[PDB]
Every structure is written in structure tokens, then in C-alpha cells.
S.K.: 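One structure coming up, written as C-alpha cells, with questions to follow.
Worth knowing before you read on, the calculation uses all heavy atoms, side chains too, and leaves out hydrogens, waters and symmetry mates. Note that the numbering runs from 1 along the sequence shown for the chain.
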Amino acid sequence: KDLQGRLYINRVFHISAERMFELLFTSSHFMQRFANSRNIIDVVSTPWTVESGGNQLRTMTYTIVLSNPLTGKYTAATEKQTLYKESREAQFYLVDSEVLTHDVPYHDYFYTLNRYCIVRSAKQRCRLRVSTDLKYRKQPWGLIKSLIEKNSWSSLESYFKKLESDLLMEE
Ligand SMILES: O=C1[C@H](CC[C@H](O)c2ccc(F)cc2)[C@@H](c2ccc(O)cc2)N1c1ccc(F)cc1
Ligand SMILES: [Cl-]
């Protein structure tokens, strides 16, 4: 069930699956601190809502303060998060997060699909797996694809390394 693009986190935490979900997918103190650390500002979120089909939905908007000047100073972003009912019936959590940016060069060419899988382990532990696909909306001819990929893979590498490290402090 991993996405084939890249596997960024695959780690067993001394955190229960439900508390993992709470830390990452609610307006938790953890995500307030993490947002500050990552220079993510002006966060607006919904709660989780429940669809007739049983999946749950959550959306967010926020601004990213960017570090590479060629990507701009800031970009607005929108996220759509889906929690799959089938995963919950199987006693785990599978969330697909789709992330779109609005201001970076070539913003209209791509979006990011991040898949978060939280599986129960003995003794109030869980395994968190996070994998990512870069998805194209327009054909990224030539240097376009090279620049999108180089910038994205490096930024996400940093982001998820810090997420894993900061989650360890919540054990
Ligand atoms: O994936 C992800 C990151 C998720 C963000 C997270 O959902 C969060 C955290 C705290 C909040 F309060 C609110 C939302 C985000 C990202 C943001 C900043 C970064 O320096 C790197 C990646 N991104 C991304 C993906 C594609 C892209 F084109 C630009 C950014
Ligand atoms: Cl469960």
C-alpha cells in the first residue's frame, strides 16, 4: 500500500495508533509547534467530517515561508485529507493527503500525494509509514520536470526527517 514515488518514514514509535493520528491529523499542540518550526503560517483547518460512504474528510489552507528565493518568498497551499473507512475497519489508519501550491513557479503543473499509514503494534506502539507520489497535471517538458523534482524531493526529505525527529519527543 506504499506509494511508489518515495518512502520517507518507516518507523515504530512508542505512541499508540490513535494518539499518532491525533498528533498528526488534528489541531494538536504538536502540530502548532511543528508548524512554527517548519515556517508554516496562517493555518486554517476544518475538523474531520464523515461522508455517507464512511470515509472522513479534512481540508486545510496555509502559507509556506520558502527558503529558496527562486521559488518565491511565500506560497499559499491547500490540502485535502482523506481517512479511508476500509483501513479503520481493519484496525489501522490510512490517510491520503493531497497538497497543492498556488504561487511557486510551475505551481499549476503538479501536486503531491502523501500517504500516511499508521498500524498497531504490541504494547501501545505503532508503525508510521509515509510515502509520497509527485503527480503531474500538465506535461512537465524538459527542465520543468527536473526543477519540480529536485526542489520537491529535497524539501520533503527535510520535512519528514524533522517530523520523525519531532514525533520521537512525544513518546
Ligand atoms: O507534504 C507536505 C507538507 C505538509 C504540511 C502539513 O500538512 C502541515 C503541517 C503543519 C500545519 F500547521 C499545517 C499543515 C508540506 C510542506 C510544508 C513546509 C515545508 O517546508 C515542506 C513541506 N508539503 C508540501 C507538499 C507539496 C508542495 F508542493 C509543497 C508543500
Ligand atoms: Cl482501531
S.K.: Measuring only between side-chain heavy atoms, which start at C-beta, is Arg129 closer than 4.5 Å to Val119?
M.R.: no

S.K.: Going by atom types only, do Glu79 and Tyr62 share a side-chain donor-acceptor pair under 3.5 Å?
M.R.: yes

S.K.: Are any of the side-chain nitrogens in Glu157 or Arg6 under 4.0 Å away from the carboxylate oxygens of its partner?
M.R.: yes

S.K.: Mind checking the CE-SG spacing from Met20 to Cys117? Nearest 0.5 Å is all I need.
M.R.: 11.5 Å

S.K.: Under a 3.5 Å distance rule, please check whether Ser152 uses its side chain to pair with a backbone N or O of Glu149 as donor and acceptor.
M.R.: no

S.K.: Would you mind reporting whether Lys1 and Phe92 have side-chain heavy atoms less than 4.5 Å apart?
M.R.: yes

S.K.: For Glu170, which of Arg19, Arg33, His29 qualifies under side chain to side chain donor-acceptor pair (under 3.5 Å)?
M.R.: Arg33

S.K.: In the structure I gave you, are the side-chain heavy atoms of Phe34 and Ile40 within less than 4.5 Å of one another anywhere?
M.R.: no

S.K.: Please step through side-chain contact (heavy atoms from CB on, under 4.5 Å) for the pair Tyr109 and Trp141, ending with a clear verdict.
M.R.: CA-CA 10 Å; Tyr109 278 72; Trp141 296 106; 5.8 Å; no

S.K.: Please round to the nearest 0.5 Å and tell me the distance separating atom CD of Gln81 and atom CD of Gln56.
M.R.: 11.5 Å

S.K.: If two hydrophobic side chains count as joined below 4.5 Å and joins carry through other members, does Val43 share a cluster with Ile64?
M.R.: yes

S.K.: Could you report the tightest heavy-atom contact between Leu100 and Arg137, atom names first, then the distance?
M.R.: CD2-NH1, 4.0 Å

S.K.: Tell me which one of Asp108, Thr78, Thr75 satisfies side chain to side chain donor-acceptor pair (under 3.5 Å) with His102.
M.R.: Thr78

S.K.: Is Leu167 close to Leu24 at the side-chain level, that is, under 4.5 Å between some pair of heavy atoms?
M.R.: yes

S.K.: Is there a path of hydrophobic side-chain contacts, each under 4.5 Å between heavy atoms of I, L, V, M, F, W or Y residues, that connects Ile9 with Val12?
M.R.: no

S.K.: Rounded to the nearest 0.5 Å, what's the gap from CG on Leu128 to CZ on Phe21? Could you check?
M.R.: 12.5 Å

S.K.: Under 3.5 Å, side chain of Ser165 to main-chain N/O of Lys161, donor-acceptor pair present?
M.R.: no

S.K.: Report yes if some heavy atom in the side chain of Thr46 is under 4.5 Å from a heavy atom in the side chain of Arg58; otherwise report no.
M.R.: yes

S.K.: Hey, any chance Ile118 and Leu23 share a hydrophobic cluster, counting ILVMFWY side chains that come within less than 4.5 Å of each other, even indirectly?
M.R.: yes

S.K.: Please determine whether the number of non-hydrogen atoms from other residues, nucleotides or ligands lying under 6.0 Å from atom CD of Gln124 exceeds 12.
M.R.: no

S.K.: When you group the ILVMFWY residues by side-chain heavy-atom contacts below 4.5 Å and let the links chain together, are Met60 and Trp48 in the same group?
M.R.: yes

S.K.: For the ring pair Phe25 and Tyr93, is the centre-to-centre distance below 6.0 Å?
M.R.: no

S.K.: Should we count CD of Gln91 as having more than 12 external heavy atoms under 6.0 Å?
M.R.: no

S.K.: Would you call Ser28 and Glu22 a side-chain contact if the rule is heavy atoms closer than 4.5 Å?
M.R.: no

S.K.: Does the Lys NZ or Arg CZ of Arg127 fall within the cation-pi geometry relative to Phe13 - under 6.0 Å from the ring centre and within 45° of the axis?
M.R.: no

S.K.: Do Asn114 and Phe160 touch side chain to side chain, with heavy atoms closer than 4.5 Å?
M.R.: yes

S.K.: At what distance, to the nearest 0.5 angstrom, does CG of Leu156 lie from OH of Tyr8?
M.R.: 4.5 Å

S.K.: Do the side chains of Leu66 and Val99 join up, straight or via other hydrophobic residues, at under 4.5 Å, putting them in one cluster?
M.R.: yes

S.K.: Please assess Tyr106 against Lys138 for the test side-chain contact (heavy atoms from CB on, under 4.5 Å), listing each intermediate value before the final yes or no.
M.R.: CA-CA 9 Å; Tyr106 307 115; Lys138 298 184 172 175; over 6 Å; no

S.K.: Verify the neighbour count for atom CD of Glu86: are there more than 12 heavy atoms of other residues, nucleotides or ligands below 6.0 Å?
M.R.: no

S.K.: Yes or no on side-chain contact (heavy atoms from CB on, under 4.5 Å) for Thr112 and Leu134, after CA distance, side-chain angles and deciding distance?
M.R.: CA-CA 5 Å; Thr112 304; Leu134 198 46; 4.0 Å; yes

S.K.: Could you tell me whether a side-chain N or O of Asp133 sits under 3.5 Å from a main-chain N or O of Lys135, the two making a donor and an acceptor?
M.R.: no

S.K.: Can you tell me how far the CG atom of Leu7 sits from the CG atom of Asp2, to the nearest 0.5 Å?
M.R.: 5.0 Å

S.K.: Walk me through whether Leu163 and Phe30 qualify under side-chain contact (heavy atoms from CB on, under 4.5 Å).
M.R.: CA-CA 10 Å; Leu163 185 67; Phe30 175 83; 4.0 Å; yes

S.K.: Taking atom OH as the centre, does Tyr159 end up with more than 12 heavy-atom neighbours from other residues, nucleotides or ligands that are less than 6.0 angstrom away?
M.R.: yes

S.K.: Calculate, to the nearest 0.5 Å, the distance between atoms OH and CG belonging to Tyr116 and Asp96 respectively.
M.R.: 10.5 Å

S.K.: Taking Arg115 as the fixed residue, which of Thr132, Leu94, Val130 is the one that meets the side chain to side chain contact (heavy atoms under 4.5 Å, CB included) rule?
M.R.: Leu94

S.K.: Would one find more than 12 heavy atoms of other residues, nucleotides or ligands at under 6.0 Å from atom CD of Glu171?
M.R.: yes

S.K.: Heavy atoms, side chains only, cut-off 4.5 Å: are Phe110 and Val104 in contact?
M.R.: yes

